[PDB]
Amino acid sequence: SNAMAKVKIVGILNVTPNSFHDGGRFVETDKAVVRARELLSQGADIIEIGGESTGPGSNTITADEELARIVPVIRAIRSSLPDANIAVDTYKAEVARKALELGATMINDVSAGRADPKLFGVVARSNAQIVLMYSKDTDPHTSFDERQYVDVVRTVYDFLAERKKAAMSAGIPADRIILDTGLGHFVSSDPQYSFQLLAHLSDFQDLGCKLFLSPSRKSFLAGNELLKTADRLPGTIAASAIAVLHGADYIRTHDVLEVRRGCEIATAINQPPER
């Protein structure tokens, strides 16, 4: 029949220790597992585990520290929740390699394969999907910068087409390549460009890949009131629903319950009558 599939909701699971010094890792691992269960309980389809933040102001960490953070978490989830689908947010080949050996089935590379020349190969030799994100910066840690564009849609489309080609040349087929236009500071600290990408998201379907976006209480949702993170849930729901309406196949979020429910409405609007 003509049934439109629901969007896949990607729950964000960031593993960041509280204590700066050594010790207290079992406690942090246990906390991450509890959060993973809650994400699944709220209806997340994929749990995206990351040990290194890449938003503005974020610190770079070594592959060893990154693995020390996520490995115990991945192992605990795969062991107790084997039904759960795990994605790993990393730009390092060594980290991706280990994550894939442990059962992760998706790698989300904020640098679209530019940070580590070996990452595409690692993904190619697995059956994992790769999410290629557009970023205005070469460095995987994005900057606060009010970048301007003549036409952001063209710039991002051209970048994603080139990264898709590069991934395919490295051995990853098109059916395992997912594209993310980026939103917020990854695109620009000037919010207009994020809204323009959302308006024209359907144009990206021509690249022949599933689409992944993360409005997720980002900067661009501040609006006229200059709303801070705590007040951006309605805007996050609206932007995520509109993204689904315009073609998003995956929505990444910290607010699984609410964003899943808002996106269900977008899917229902896109659902043609059963006749």
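Note that residue numbering begins at 1 and tracks the sequence as displayed.
- The stretch with the higher mean CA B factor, choosing between 217-225 and 29-37, is 29-37.
- Relative to its counterpart among 17-25 and 253-261, 17-25 has the higher mean temperature factor, C-alpha atoms as listed in the PDB entry.
- In this structure the maximum Cα B-factor among 136, 200, 118, 154 is found at 118.
- Note on the listed residues 170, 110, 107, 187: the highest Cα temperature factor in the record is that of 170.
- Ranked by Cα temperature factor within the chain, residue 194 sits in the lowest third according to the deposited record.
- Residue-level temperature factors show residue 181 in the lowest third of its chain, judged at the C-alpha atom.
- Sort the chain's modelled residues by C-alpha temperature factor and residue 67 lands in the highest third, per the entry.
- Ranked by C-alpha B-factor against the other modelled residues of its chain, residue 42 falls in the middle third.
- The deposited CA B-factor of residue 57 belongs to the highest third of values across its chain.
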